[PDB]
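**Q** to kick things off, part of the complex as it is:
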Amino acid sequence: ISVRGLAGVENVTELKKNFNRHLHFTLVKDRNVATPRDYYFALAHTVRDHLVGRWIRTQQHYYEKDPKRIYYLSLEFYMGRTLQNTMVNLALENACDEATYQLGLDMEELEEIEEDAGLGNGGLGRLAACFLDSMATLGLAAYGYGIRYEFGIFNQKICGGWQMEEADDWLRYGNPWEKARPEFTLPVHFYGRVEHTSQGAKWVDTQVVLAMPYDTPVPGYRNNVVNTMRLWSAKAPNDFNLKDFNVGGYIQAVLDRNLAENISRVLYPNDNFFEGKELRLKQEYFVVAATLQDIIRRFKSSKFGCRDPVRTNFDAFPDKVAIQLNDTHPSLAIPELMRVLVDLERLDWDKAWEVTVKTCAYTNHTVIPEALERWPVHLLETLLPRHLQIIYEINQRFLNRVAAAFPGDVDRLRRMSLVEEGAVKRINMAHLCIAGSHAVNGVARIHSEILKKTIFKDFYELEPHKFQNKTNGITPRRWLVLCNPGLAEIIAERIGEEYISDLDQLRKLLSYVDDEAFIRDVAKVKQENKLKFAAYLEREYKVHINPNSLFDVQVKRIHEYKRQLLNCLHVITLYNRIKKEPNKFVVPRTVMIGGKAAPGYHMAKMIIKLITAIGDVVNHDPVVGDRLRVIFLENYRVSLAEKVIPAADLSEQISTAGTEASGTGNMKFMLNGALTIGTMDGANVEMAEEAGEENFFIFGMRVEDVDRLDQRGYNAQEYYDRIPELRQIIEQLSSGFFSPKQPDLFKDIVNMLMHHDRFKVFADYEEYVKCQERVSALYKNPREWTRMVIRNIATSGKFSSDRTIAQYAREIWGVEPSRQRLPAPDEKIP
């Protein structure tokens, strides 16, 4: 059937009875009233059963051996569905497929019922998920720590061409994967004030919110290792949240508990944008405060909570603990770690600081200013008074270090301050992370360099040793084996299976680049993938597409810097050219654009309306026929990504050079047999460098060109004046060609494009369509297109998160990865 494992005689039989056990005893249903949803759950529970055994021994193991522990703090974990992934990592896919078949059910139909764990916005959240999978696969004693939002990223609905947001009640029917651990609930404080008494400061008169942990298992790939992802939930204490007496109402007191519990209610839907709301800050401290207590508790036990030097010496803390900050969201972990060490454990400042810096590491994910976290002091002042005092003290000492290194450099001092003066004083979380971490890293080579040359230049001059790079990657398991079993099979037919946990081995495929059979096969799976997607489209969304056309897709969050608008201009151009010479042949294309716009991002929501507007015109023009279709992919999410990417021919990664930190969707497309048209931005540079620029469609300004243009000054009018095709499009928008009933509907877009384009869309227009012509040319030559594909796929190895994690492990955490199978799952009950 494929290499989804063995469909053993004994195990298929075993699976079936357990499926029935759960349908009866767990779901309390009988075959006569069970619905597909019930069947999905019976299975989920049956599969979940197979990894609890391993989960328990893994955790027990780490307790015995006591290795250095890795704590990945992130406010986002974009997990997606987990049924299939679990079957794959446990080599259960074929057995389950067989068993469910014998039970008369279609496993695939059941998998579609699982809701997505959308506790993330996009790239940042998904990276965290891929990392977790890789850390488990590499045998690291790692724990993912986050917030268990009851409402993840909103579900996107397109009404009249507009995006409509609606709550994502992913827990409505329950989550068979998590395990509530109410017995490990911890308290978290807010507000209050600071008392300075005799021997130390005291954080007093605080409001308490409880943090209840929920554990979700993270299985490594076929190595019997199952790590843990701990998500915190906010719960109100039953005392003060009722006990603070003297009139108000008993009923009201109980109803008001949903005020402390609102902390973990919903994820903020912003991608690459900072919103200074109190609720957000509360979420940030919540996950940090709770997690740290859990980290220290585990440390106090270790082998110190037995003997060792005997005396809670936190000197070995950094030798046993490593906490990675996914962006600045969990930045409060630094001043919080100090608070505990200094205020509670009573360590001297300097000893505490040394420990803190040695255990903390920060990862930066963007360079755009509006995404940078700068919290107003009055907020920190009210909500976390002691933390503010600690930050000021950290700042004081840090600046003193600077002054001593650059005597007289007074401007440098204000520039590096963690505190920003002005309208309102703010705290620059990024400066905080750099100062309190022993390593700061970028997510792509170019991005990392930009940090050193630009944004954090002063910091780099002060401590050049801190700065590193760790190019992002993706998991070959979910992003290849899971979503594209067809391609994975033919690859395995030639080079084996060892590449799933050693993607570098894909290079061996280079020697089949001229293989007639392979070329035919690679081309076959892609054709099958396009047919399956074209079907899914009519199934769930309804209104036909042509599977023979070039599948041109751009899927990622909607942003001005991602330039979906640039993609739009090309589409309209294609349309106009066809309308000019109707009977001229052109390579058919189905351009698919999908992504979510943050609710408050007006421009982004305007662009979505534009895309659908274009499709309304283009898709109903009889002269165009099936040569050009414009489709907006609704509710783009992980599960949807697993469907389009494998069916894509052309991957669009066209951000303005220097704005996309790295990108990961690009990597997903490269590994699944799609060719990339893009700019020298983020990881695109390393991808082309890996596959050879001849096998990539690069175009547009490089970073330097962008800067040159900024010195000069960007004037869009020039481009409007010198390019008729471009002018023609702008006037079409301006006159309502795409919005008849509302002629001025797109005035904001035009106005912006002509007068305030921060991302110079026009500057890359010419080189973009020219480049687009080159890909159409190559598509006309199937054999050569496929050979170029084989060059990309065979060379994507470097982009596996296993590589990235191995680097973090060695160069930052100080731990050695291991592909050693944990001693089976075997029963055991001590």
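**A** Great, that's in hand. Numbers count the residues shown, from 1 in each chain, chains lettered A, B, ... in the order given.
**Q** now the helices for the stretch 1-150 of chain A?
**A** Taking DSSP state H, counting those that start in this stretch, the helices of the stretch 1-150 of chain A run over residues A:9-21, A:36-65, A:83-89, A:93-102, A:107-111, A:123-137.
**Q** can you give me the buried ones in the shortest one?
**A** Read that as helix A:107-111. By 16 or more other C-beta atoms under 10 Å, the buried positions in helix A:107-111 come out as A:107, A:110, A:111. Heads up, the C-betas are built off the backbone N, CA and C, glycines and all.
**Q** now swap in stretch A:598-615 and tell me
**A** A:598, A:601, A:604-615.
**Q** from those, which ones fall inside strands?
**A** Counting by DSSP state E, no part of those is found in strands.
**Q** okay, the helices of the stretch 1-150 of chain A, which one's buried deepest?
**A** Each of those was assessed for mean neighbour count using mean count of other C-beta atoms under 10 Å. The highest is helix A:123-137, with a mean of 26.
**Q** packing partners for it?
**A** strand A:69-73, strand A:77-78, strand A:142-147, strand A:207-219, strand A:226-235, strand A:321-326, helix A:801-808 (3 or more C-beta pairs under 8 Å, 6 or more residues apart in numbering; DSSP states H and E).
**Q** among these, which is nearest residue A:23?
**A** Minimum separation from residue A:23 across those (C-beta to C-beta) falls at strand A:207-219, 22.1 Å.
**Q** all helices of the stretch 151-300 of chain A, in order?
**A** Assigned by DSSP H, counting those that start in this stretch, the stretch 151-300 of chain A shows helices spanning A:240-243, A:250-255, A:278-301.
**Q** let's have those in JSON lines, adding distance to residue A:84 and mean neighbour count.
**A** As requested, the helices of the stretch 151-300 of chain A are exported to JSON lines (distance: least, C-beta to C-beta, whole Å; neighbours: other C-beta atoms under 10 Å):
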{"stretch": "helix A:240-243", "distance to residue A:84": "41", "mean neighbour count": "14"}
{"stretch": "helix A:250-255", "distance to residue A:84": "41", "mean neighbour count": "10"}
{"stretch": "helix A:278-301", "distance to residue A:84": "28", "mean neighbour count": "20"}
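**Q** of these, which is nearest residue A:5?
**A** Nearest to residue A:5, of all these, is helix A:278-301, at 34.5 Å by C-beta to C-beta.
**Q** any idea how far that closest one is from the chain center?
**A** With C-alpha atoms, centre = their mean, to the nearest Å as the basis, helix A:278-301 stands 21 Å off its chain's centre.
**Q** cool, and stretch A:173-187?
**A** Using C-alpha atoms, centre = their mean, the offset of stretch A:173-187 from its chain centre is 23 Å.
**Q** try stretch A:21-40
**A** How far stretch A:21-40 lies from its chain's middle: 34 Å, per C-alpha atoms, centre = their mean.
**Q** touching it from outside, list them.
**A** Contact with stretch A:21-40 is made by A:41-42, A:45-46, A:83, A:100, A:105, A:109-111, A:113-114, A:173, as judged by C-beta atoms under 8 Å, 6 or more residues apart in numbering.
**Q** put chain B onto that model:
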Amino acid sequence: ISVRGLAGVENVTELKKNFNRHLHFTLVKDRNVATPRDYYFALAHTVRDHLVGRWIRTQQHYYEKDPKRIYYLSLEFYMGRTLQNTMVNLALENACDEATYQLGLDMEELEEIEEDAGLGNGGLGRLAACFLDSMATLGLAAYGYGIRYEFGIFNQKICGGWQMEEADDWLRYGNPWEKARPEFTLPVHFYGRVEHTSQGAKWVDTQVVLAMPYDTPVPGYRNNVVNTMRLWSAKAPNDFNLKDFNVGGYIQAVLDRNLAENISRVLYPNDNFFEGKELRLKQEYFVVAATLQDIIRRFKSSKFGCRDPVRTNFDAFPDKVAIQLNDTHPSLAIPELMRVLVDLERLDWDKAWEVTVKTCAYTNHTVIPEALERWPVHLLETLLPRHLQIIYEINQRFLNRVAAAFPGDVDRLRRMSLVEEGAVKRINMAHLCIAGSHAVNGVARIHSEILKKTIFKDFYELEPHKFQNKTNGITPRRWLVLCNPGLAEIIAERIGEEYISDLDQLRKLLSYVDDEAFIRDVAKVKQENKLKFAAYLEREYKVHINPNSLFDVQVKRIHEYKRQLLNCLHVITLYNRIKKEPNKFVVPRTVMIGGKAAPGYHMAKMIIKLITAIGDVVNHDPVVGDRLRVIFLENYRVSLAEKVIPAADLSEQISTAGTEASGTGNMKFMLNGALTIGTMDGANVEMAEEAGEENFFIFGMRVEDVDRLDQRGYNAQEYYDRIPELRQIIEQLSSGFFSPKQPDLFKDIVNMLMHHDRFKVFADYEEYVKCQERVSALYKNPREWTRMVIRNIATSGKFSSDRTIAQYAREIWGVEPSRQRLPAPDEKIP
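**A** Adding chain B to the chains above:
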């Protein structure tokens, strides 16, 4: 060990492995980190396993045979713990005891970990629970329908002698008994307006709240029948509760979902008191609207949703459905049933009314005015506009019936109206229930008569056939076998086990009234029970009592009509007499008073402070010694009741004649070997009538005496003037003898007692202490005290809820009870 069933070889082995299965796979724990709470859950899950098989066949059975269905609507279901009760009804107690013993655990210690299902205030809620157990035991196709509050009755804490309320988070660690059924979620409407168009009225522009059902199994006693208790939970729709666009904030929209979900958040803590809050009304319509849709759906399927006359003829509705209204809380079911039938199904008014009246039955639970539900019209007008129109129409037609029966009786007309004029117009829910039901019943003979003679006299004259009586009862399973296995064993040793489901058989114990062995045994278990309780007291609450003294206990909600105050006066009297003649012998007593006071009931909270105040003085007077102890039983609840009642010697049921509808605690004490001192009120009358007045300690005014006194006019001063002992107590309170630091602390109590005692406490004082002397006299003669006990126990049979339910079944529902064992639980998987 006892008759808690057989500890079979095969089953104890089977139990143990399943216990382990759950500890591992369900709880995801290993023996090395498992805590008592974990062990309790492993067991709970293991036990729950044994009744899902029976649960499924029971429900399937009712689907095949299609009998008349009984729907018990109540806003309260005071369930308590359910582990032990389930073991008892399934004959699993000894096997589980053995198995857990072999696993090295103390079952009793684990049972104490289970949280109480406190979804009730007191008597009314507990009755519902006992009924459910009896309906299952009698093989009725009955369903308990209610609200799944996430916060039940508050947990009571005594701080400085005062009651402190704190949220009862009973779901904190989960509820292993319930089964969420999100797939059966129903919509419920609120607000909106009424459109009258061509063919009918339409309820429009309503706000929607979803109702999610949760099923809890209700096992009959050893008959393999497992009925269902369906509790609704409020859930917000994800559309409009987000989709009603045009600014407000996406985050705020999501946080605001906890506004529609507040409906099922908390139970109103009022007992015998009406609070006209909108939230309460919302809870009432919520449970009614959801339940009815479920009732009709089930009906539409029946055997009509196949063939029959073919044409949704609701003529057979009453032959297939019976809905019992537990008090007026679910009264909206009447106008709602009409709404559906008339508005949606399109039946003519008269046909709809005939059906409604024929399927609805109302049970009244109190006669005090402040407990009567009278909803302001402006509230119904805003929240349920169509229902108001229906009520007015029901009223119109009803009054027309009255006018026709009593021509010219204009005062009768305004008296019987469902609508009450005055300050604000109100709707008398009680009048509504009488008019729309085919039967109205009281809960005790005297209470039922009072309804006919007083409160509902006019209604009785109009339709004398509607009025009946159904004396309350309690379940012998939980209230005897479960809480007093010792007494149950010795009874079974002589007369067998058939009495557990046929309590009348207890009469056979009369012939052992002179049996020397029995007398010794009955006396022995009571001594063991008192020793166990005296221990529990020092264990969990700490501060000693004497197990040789008379256990004088009064446990029930705190009310002015229950007269805990009268009990207080006696206690102080005993104290004063001892202080007068220290070296005179008196029968030692431990008087225990416990109960919860509604948060807003100032007087009730004042009485609690008084009780503790008395104990502070009495319990620390060296001259008193161990002859007199005053203890306030904290957080009285079902689980606590199961501990005190079996250890009680004297049961206090001293309400003012005519105020306690029936009472059930009284019955609990009678069946557990305690003697009763009380007034001729509620079921007390029937109890003494059953055991013979010579075996009861009756005292005080009868109902007639109370009325005579009211004609005359009640003046407390008289009693104050003629009784020195009484005067002495009042002046002690007035001068701060019991409240040194705050001398005027009890001025409200004294003031009330002297000037506004609605329950004439003073009027029964003399006869009460005199009577109390008689019980002390009898306690001095162990042999005779025990013989009188045997007379009570042997004669309590009539007070089993099996008797009550059998009467409801035959005289109201039109169904025949059956003690037929359902065809085993045996596997089966069709």
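**Q** the buried residues of stretch A:598-615 again, this time with chain B added?
**A** By 16 or more other C-beta atoms under 10 Å in any protein chain shown, the buried positions in stretch A:598-615 come out as A:598-599, A:601, A:604-615.
**Q** likewise for stretch A:173-192?
**A** Neighbour-count burial for stretch A:173-192 [16+ other C-beta under 10 Å]: A:173, A:175-180, A:182, A:184-186, A:188-190, A:192.
**Q** residue A:559: which of the residues you listed is nearest?
**A** Closest to residue A:559 out of the buried residues of stretch A:173-192 is residue A:175 (30.6 Å), distances taken as C-beta to C-beta.
**Q** coming back round to it: so which of the buried residues of stretch A:598-615 are in helices?
**A** Mapping those onto helices (DSSP state H) picks out A:604, A:605, A:606, A:607, A:608, A:609, A:610, A:611, A:612, A:613, A:614, A:615.
**Q** state the distance from the last one to chain B.
**A** Read that as residue A:615. Look at residue A:615 and chain B: by C-beta to the nearest C-beta, to the nearest Å, they are 23 Å apart.
**Q** thought that residue was touching residue A:624?
**A** No: the pair residue A:615 and residue A:624 does not pass the contact test of C-beta atoms under 8 Å, sitting 11.3 Å apart.
**Q** in the stretch 301-450 of chain A, which residue sits closest to chain B?
**A** Among the residues of the stretch 301-450 of chain A, residue A:301 lies closest to chain B, at 12.0 Å counting by C-beta to the nearest C-beta.
**Q** ok, now which ones touch that residue?
**A** With contacts defined as C-beta atoms under 8 Å, 6 or more residues apart in numbering or on different chains, residue A:301 has no neighbours.
**Q** could you say which helix or strand holds the closest residue to residue A:727 other than its chain neighbours?
**A** Distances taken as C-beta to C-beta, 6 or more residues apart in numbering or on different chains place residue A:720 nearest to residue A:727, at 5.6 Å, with adjacent residues excluded. Assigned by DSSP states H and E, residue A:720 belongs to helix A:716-722.
**Q** same for that helix, what does it pack against?
**A** Other helices and strands packing on helix A:716-722, by 3 or more C-beta pairs under 8 Å, 6 or more residues apart in numbering or on different chains; DSSP states H and E, are helix A:724-734, helix A:747-755.
**Q** for the closest residue to residue A:665 other than its chain neighbours, give me its contacts.
**A** Leaving aside its chain neighbours, residue A:665 sits nearest to residue A:556 (5.3 Å; criterion: C-beta to C-beta, 6+ apart). Residues in contact with residue A:556 (C-beta under 8 Å, 6+ apart) are A:122, A:123, A:562, A:595, A:636, A:663, A:665.
**Q** what's the separation between the first one and chain B?
**A** Shown here: residue A:122 relative to chain B, a distance of 17 Å by C-beta to the nearest C-beta.
**Q** that residue - how many residues pack around it?
**A** Counted with other C-beta atoms under 10 Å in any protein chain shown, the neighbours of residue A:122 add up to 22.
**Q** quick check: domain ranges of chain A?
**A** For chain A, the structural domains run A:1-473+A:801-824, A:474-800, going by curated CATH domains.
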